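I have placed the structure first, in the form of structure tokens, so that the comments after it can refer back to it.
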Ligand code: CLA
Ligand code: CLA
Ligand code: CLA
Ligand code: CLA
Ligand SMILES: CC1=C(/C=C/C(C)=C/C=C/C(C)=C/C=C/C=C(C)/C=C/C=C(C)/C=C/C2=C(C)CCCC2(C)C)C(C)(C)CCC1
Ligand code: SF4
Ligand code: SF4
């Protein structure tokens, strides 16, 4: 009865991972430290 | 420099948005990273090999996990012919209720995707029977990928970084790859087949719980050491055998039967076990050839530089100068990469050519959409690997080749007459193209004018002879294996061709893809295939051999592999670099695999309906292709959704339109070039700096149009993604709509 | 488990494996009472010799009881 | 029908191990 | 910036200096040709990379060459 | 060098002879 995991993981993969990933990568490519 | 990307001070100081794109496209080019030595190059590559390998094993773990948790594998065991396999579940909030109803298929509780990769046939053939076995496989691959991830981390540590001498020790790596990675891995696969896969096919459960108890053969290891090896071939499986059951099951573990199993229409498991044992012994024997720390063996470098043939002076092996070829191979990673991509692409084509003809997985020869997707998959992977082979040959010739160390050898001789090679490829390509197109257009015109008997129809008598040399009685040539009086049939001094009755039984039944009957349409499409291969080779070989310089640009090696052009002068120099022959050849390669997969699919789609006459009568003119293959098979695809509703082919309809869109978007990058878009973006920059409230924010890095080479990249990537996704949607939906 | 010469040869094989490991990786194999041959023994003391054969009996008893528990011997 | 909830939870906990090892390897390859 | 280098097969016909839209090139005294002058590229930071100098060069393959390198605001030709 | 070209035409005649052998099996001259 672990079919409820999809309603967690598919929003995480579709929204949380892109927002966190693109936020990291955007602030990293605009950073002037390294 | 002081900012991303860290590996390029030149890119890091770029003030424009080009910095980001070229940072992405140069991230895996470790040689062009700043401060890169050769030892750090090899060490970094070794670690990325481990990480990549872990990506592969996590992927295979995913396959096992989704079939185990979401598939219907245990229900598919009891009926592989009538049950649809499940890939994974669908969780999509965008689906309406008719869509959710349309994908609730294959006896599933909710919406699911059907698997077309044949992983059920493969896991069932090699002995898996339950969902827990798939589960333990996936967890084992999770820990196995953990092992490789840790190994790649560990060989970046200072005590465990290998030396540059370790990487360039080629004879030890060849001995270990031939002996271990091929030989022992094939021996262990024979051990798996004999211990697990054959007893599971005979109804007997063998697991980790009881394999140390269970002997595979009732005379276990006594006739092996006494030399009475024929005991393991006695009592094979009968022709009344039913797979995964005890009825008709023999006790033999190493047979030599030949042909296909009668029920499953695939190769015998005992033949495959005997196969992997035989080539295991032979690869282990091969892995003792070269010299290592133990004195005996061959030095490949002494074999290249050898100049005497039993006291008679020669130029080298086969009287050919090979001095420096060892160092040319061993010191260049691009020579090695192009060479391995060539061999791996040939092997990938050879896999695709043998998995439809000689299937090895139980009941996969009746799963048509799987057969189609697997052939087309491996042929596309193979043309990509061949294009990469010649691309890295060109990168070798630009970056890593020197003619001083290769002075007088065979590669320099090939460079010395490169215009002869290129002009003869040009001649063979024109000579095939004019006449193949000419016969097609002749046949089109004469069939259009109501007179189809005026077609130029040419029998493929040579390949029909080869099929008759294999025992195919249908042509009536009465040659080597079709002639029972022949010495090749009887094997006159020894009479030991044990494979031959089952082989002729398999080749003379017309109910499989084992040497399909061929006619004039097969002739015409094979010369289209030869045109495609020769022309793709022309583009690739020309760009490799002109990579260092041509008459239009003699100093081309001074600019690298990929550069836009040499400017407007000397007539204009668009697409002059060696990278541009990659670019131009990828079109010809996709075209070629389009022709071979159209031909595969339409011939087999005539087979699977009992109407071979459609292909045999209509493939000789191009309207027959355009009408009976493209137009006729796409109907149930394009009705995947319509004003009346939806069905299970609606993803394939949406993907078909999607692939057309991505392919057509590629034309924008391939036709429109840069300065148009740069002049456009400049007015956009003006408007953003003049627009109030929008003036509050702006860019940090300046908007510029994509570069010329980047445009060719983005356009070709669109073209190929649209090409693949369009043909995949059409292939899967046409075959799965006509055959479930 | 009735005694057969297969049990004898698996005890001898475990003794040979243990004397192989005892020759390869004992830190001090040459103790004070040495063997009279010291050429068929590789160079030992008598206590290192019967240490290796006692560990071979550990391995051999474990092997033959495990293989009897499976069903092989 | 399928595998249980305990097996999916155990597989996720096991998959945390190549996740951590992949994080270390990707940072080492950059370093 | 881009790299513009002048090879010794120059004949000093000054056409590269005239073709240059951003004043990279100038003519300096020399003695290896009849015209007693080579081209020289001191302002390669102004070089946009358009290669009009290579179009203008009359020698059989190019006494002058432009090697495209790192991009700046000047070499990309941005007014913004 | 080698105006008779005796080495490269030995292998060319050998390949052509193997070709005539396969063609001799084709036209049923040798069975
Ligand atoms: C017995 C010892 C041994 C073994 C097993 C290996 C194994 C390997 N080495 Mg290694 N190596 C060794 C000794 C050994 N090495 C020694 C002594 C040295 C020092 C000289 C090296 C130095 C070395 C380097 C420097 C590198 C490797 C690499 C590799 C990997 C190759 C990539 C791969 O996945 O191949 C897998 C290939 C096969 C399993 C067989 C070939 C595949 C065939 C073509 C397919 C056809 C078979 C069959 C039809 C497939 C069935 C399909 C079905 C399963 C679906 C592989 C894991 C590379 C690597 O990845 O590093 C991590 C690498 O960079 N080796
Ligand atoms: C074993 C295989 C192998 C290996 C190790 C390499 C390794 C390398 N290649 Mg190579 N190559 C290969 C196969 C391989 N290639 C093949 C098969 C081809 C033919 C297609 C080529 C063609 C090729 C060219 C033409 C070039 C290289 C280059 C390079 C170097 C840098 C790569 C880089 O940074 O790209 C960065 C990676 C990216 C920018 C990612 C691009 C991702 C592509 C476009 C796919 C993305 C599409 C998208 C995700 C699809 C999904 C969309 C969805 C809607 C469905 C590196 C040495 C370059 C080089 O440095 O040579 C000097 C170079 O110019 N290769
Ligand atoms: C019935 C209609 C027909 C038509 C319309 C054509 C049309 C064409 N043929 Mg074709 N051909 C045909 C029948 C036909 N062919 C048949 C039945 C054969 C079998 C013998 C050939 C064999 C053939 C060859 C071998 C070649 C052509 C070529 C050509 C093209 C140029 C022809 C020409 O005279 O150029 C004017 C002539 C020249 C520019 C130079 C002379 C070259 C000629 C063709 C060969 C002379 C060499 C000599 C006789 C030794 C021959 C060697 C050969 C056996 C390999 C043109 C597209 C040429 C081609 O495709 O090149 C790309 C070419 O090389 N054809
Ligand atoms: C339908 C599309 C199409 C066609 C027919 C061709 C045709 C050709 N390409 Mg090609 N190409 C195409 C698309 C196409 N390309 C695309 C999309 C790309 C990607 C950019 C390329 C990239 C490409 C490269 C990079 C190369 C080729 C090459 C070739 C030649 C291959 C040899 C051959 O077949 O000779 C036979 C010729 C033909 C089949 C075409 C012309 C025959 C016509 C019918 C002759 C009769 C004309 C008749 C008088 C009617 C004219 C009416 C008029 C008077 C008004 C040939 C000219 C290679 C080449 O030039 O080799 C030397 C080469 O190097 N092409
Ligand atoms: C049929 C048959 C047979 C035969 C076989 C054969 C003999 C085969 C062959 C095959 C082959 C023989 C193949 C080939 C392949 C090849 C290729 C695929 C190539 C490629 C190449 C490349 C790609 C190159 C590259 C480069 C460059 C360009 C530059 C420099 C560098 C390099 C070199 C890398 C037998 C007798 C067994 C039996 C019966 C059947
Ligand atoms: S590339 Fe352009 S700016 Fe540079 S020297 Fe030539 S003409 Fe002048
Ligand atoms: S055009 Fe060439 S040869 Fe003439 S002055 Fe300029 S660099 Fe010299």
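Protein chains in written order, with the entry's author numbering: chain i, 12 to 45; chain b, 2 to 741; chain K, 14 to 86; chain m, 2 to 32; chain c, 2 to 81; chain x, 14 to 44.
Even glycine gets a Cβ: it sits at the ideal position worked out from N, Cα and C.
Beta-bridge partners of residue i, as assigned by DSSP
i                      : result
residue 41 of chain c  : c/27
residue 268 of chain b : b/261
residue 47 of chain K  : K/58
residue 291 of chain b : b/299
residue 18 of chain K  : According to DSSP, residue 18 of chain K bridges with nothing at all.
residue 643 of chain b : b/646
Element boundaries [beta strand (DSSP E), containing residue i]
i                      : result
residue 66 of chain c  : 65–68
residue 306 of chain b : Per DSSP, residue 306 of chain b belongs to no beta strand (DSSP E) and is neither H nor E.
residue 4 of chain c   : 4–7
residue 113 of chain b : 113–115
residue 443 of chain b : Segment 419–449 is the alpha helix (DSSP H) holding residue 443 of chain b; no beta strand (DSSP E) there.
residue 88 of chain b  : 87–90
Host alpha helix (DSSP H) of residue i (start-end)
i                      : result
residue 605 of chain b : 580–608
residue 147 of chain b : 132–155
residue 328 of chain b : 326–332
residue 462 of chain b : 462–469
residue 651 of chain b : 651–672
residue 54 of chain c  : 53–57
residue 34 of chain i  : 28–40
residue 369 of chain b : 369–396
residue 62 of chain b  : 39–71
residue 78 of chain b  : 74–78
residue 17 of chain c  : 16–20
Problem set entry | Complete runs of the alpha helix (DSSP H) confined to the stretch 677–740 of chain b [at least 4 residues] | 709–740
Problem set entry | Chain-ordered residues of the stretch 40–69 of chain b with a beta carbon less than 8 Å from chain m | 45, 48, 49, 51, 52, 55, 59, 66, 69
For this session: Please determine if the stretch 109–123 of chain b and the stretch 77–84 of chain K are in contact, where contact requires at least 3 C-beta pairs separated by less than 8 Å.
Result: no
For this session: Spell out a yes or no on whether the stretch 580–587 of chain b and the stretch 373–391 of chain b are touching, meaning 3 or more CB-CB pairs, one atom from each, closer than 8 Å.
Result: yes
For this session: Give a yes or no on contact between the stretch 272–284 of chain b and the stretch 174–187 of chain b, applying the rule of three or more CB pairs nearer than 8 Å.
Result: yes
For this session: List in chain order: all unbroken alpha helix (DSSP H) runs of 4+ residues lying wholly within the stretch 491–545 of chain b.
Result: 501–509
Exercise. Can you list, in chain order, the residues of the stretch 93–126 of chain b whose Cβ is nearer than 8 Å to any Cβ on chain c?
Worked result: Listed in sequence order: no entries.
Exercise. Three or more C-beta pairs closer than 8 Å, one from the stretch 39–52 of chain c and one from the stretch 15–26 of chain c: is that the case here?
Worked result: Contact between the stretch 39–52 of chain c and the stretch 15–26 of chain c is present, because at least three Cβ pairs lie under 8 Å.
Exercise. For the stretch 203–225 of chain b, which residues have a beta carbon sitting closer than 7 Å to at least one beta carbon of chain K?
Worked result: Listed by position along the chain: 213, 214.
Exercise. Which residues, taken in chain order from the stretch 8–20 of chain m, show a beta carbon closer than 7 Å to some beta carbon of chain i?
Worked result: 9
Exercise. Would the stretch 592–602 of chain b and the stretch 531–542 of chain b be scored as touching if the rule is three or more Cβ pairs under 8 Å?
Worked result: yes
For this session: For the stretch 8–36 of chain b, enumerate the residues whose C-beta is nearer than 9 Å to any C-beta of chain i, in chain order.
Result: 20, 21, 24
Exercise. Okay, do the stretch 37–49 of chain b and the stretch 146–158 of chain b touch, 3+ Cβ pairs below 8 Å being the bar?
Worked result: yes
Problem set entry | Cβ pair count under 8 Å reaching 3, the stretch 518–529 of chain b against the stretch 415–423 of chain b | Taking 8 Å as the limit for Cβ pairs, the verdict is that the stretch 415–423 of chain b does not touch the stretch 518–529 of chain b.
For this session: Scan the stretch 569–592 of chain b for residues whose Cβ lies nearer than 7 Å to a Cβ of chain m and list them as they occur along the chain.
Result: none
For this session: Give the residues from the stretch 535–546 of chain b that approach chain c closer than 7 Å (Cβ to any Cβ), ordered along the chain.
Result: none
Exercise. Of the residues that make up the stretch 455–486 of chain b, which ones have a beta carbon closer than 9 Å to any beta carbon in chain x?
Worked result: 462, 463, 466, 470, 478, 479, 480, 481, 484, 486
Exercise. In chain order, which continuous runs of the beta strand (DSSP E) of length 3 or greater are located wholly inside the stretch 605–635 of chain b?
Worked result: none
Exercise. Should the stretch 718–733 of chain b be regarded as contacting the stretch 368–383 of chain b, the criterion being three or more beta carbon pairs within less than 8 Å?
Worked result: yes
For this session: Give a yes or no on contact between the stretch 699–712 of chain b and the stretch 675–684 of chain b, applying the rule of three or more CB pairs nearer than 8 Å.
Result: Result yes; three or more Cβ-Cβ pairs closer than 8 Å.
For this session: Give a yes or no on contact between the stretch 23–40 of chain i and the stretch 660–677 of chain b, applying the rule of three or more CB pairs nearer than 8 Å.
Result: no
Exercise. Mind listing which residues of the stretch 152–168 of chain b have their C-beta closer than 7 Å to chain c's C-betas, in chain order?
Worked result: none
Exercise. Between the stretch 441–457 of chain b and the stretch 555–564 of chain b, are three or more C-beta pairs nearer than 8 Å?
Worked result: no
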